[PDB]
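In the numbering used here, the protein residues as written are 6 to 63.
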Amino acid sequence: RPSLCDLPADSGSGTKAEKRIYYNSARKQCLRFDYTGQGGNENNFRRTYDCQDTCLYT
């Protein structure tokens with residue numbers, strides 16, 4: 006798996022309230038989180054499809 010898949014969920018440094026998906030390595034699932042729109046990390050996907058393609062099905 007890419008190393009970004011092991012990064013923690015990170016809501017970022019902004020004040021927006023946006024739906025994103027993160028890979029939860031311990032659960033082997035792409036899960037929902039709230040993102041503030043800036044200052045996150047790479048474990049941050051708009052679609053479940055992209056998180057699964059990148060992190061689950063490697």
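Don't be surprised by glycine CBs; every beta carbon is placed ideally from N, CA and C.
**Prompt:** From residue 47 to residue 33, what distance separates their C-alpha atoms?
**Reply:** Between residue 47 and residue 33, the alpha-carbon positions lie close to 17 angstroms from each other.
**Request:** Sort out for me which residues DSSP pairs residue 29 with in a bridge.
**Result:** Paired residue(s): 34.
**Request:** Look at the alpha carbon of residue 38 and the alpha carbon of residue 56, and state the distance between them as a whole number of angstroms.
**Result:** Cα-Cα distance, rounded: 13 angstroms.
**Bounding residues of the alpha helix (DSSP H) (the contiguous stretch that carries residue 55)** = From DSSP, the alpha helix (DSSP H) with residue 55 extends over 53-56.
**Request:** Could you check the C-alpha separation between residue 52 and residue 25 for me, to the nearest Å?
**Result:** Going from the Cα of residue 52 to the Cα of residue 25 covers about 7 angstroms.
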